[PDB]
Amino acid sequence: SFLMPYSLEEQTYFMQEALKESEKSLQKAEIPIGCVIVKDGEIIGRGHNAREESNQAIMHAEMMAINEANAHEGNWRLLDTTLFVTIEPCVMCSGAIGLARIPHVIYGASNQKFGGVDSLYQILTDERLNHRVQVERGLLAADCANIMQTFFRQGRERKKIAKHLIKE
């Protein structure tokens, strides 16, 4: 039943690759969330949040990775694939993951405010939608949560500078 296509070291490698995607968003002053989609032990799609830069509301890490994975495979179906994402996917991405037919998802830290996999909803395991995704969580959670904390602190600092310049 429970599948294990990759060792813990392999999984760690992939999540760290997603964290590197996460760093791209951070550097661009955006929610530091990264994602990588793997097929046969090879990453076929990468993504990071880029809503502000792209001016696209759907441009979350998972969506970018899915588009890349589909392009790579030249198919909207992403069977026998594993998706690694630093933070629990929101409702939109969860729905997208189900539509892509991705059977395996591994995320780092949970998303208590917008989480659609375990937190607010359980879209990837919902029988009505018949999504039967094997979900794993906790992989490098500390790091995934840490870069997010860095983002928020930097955000307050940027907001403080802006407030100062507007004033006088």
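Position 1 is the first residue in the sequence shown; the rest follow in order.
Set 13 to 21 against 144 to 152 and average the Cα temperature factors; 144 to 152 ends up higher.
Mean CA B-factor, 24 to 32 versus 63 to 71: the higher value falls on 24 to 32.
Of the candidates 51, 101, 104, 48, the one whose C-alpha carries the top B factor in the deposited record is 51. Sort the chain's modelled residues by C-alpha temperature factor and residue 129 lands in the highest third, per the entry. For residue 38, the recorded CA temperature factor ranks within the lowest third of the chain's modelled residues.
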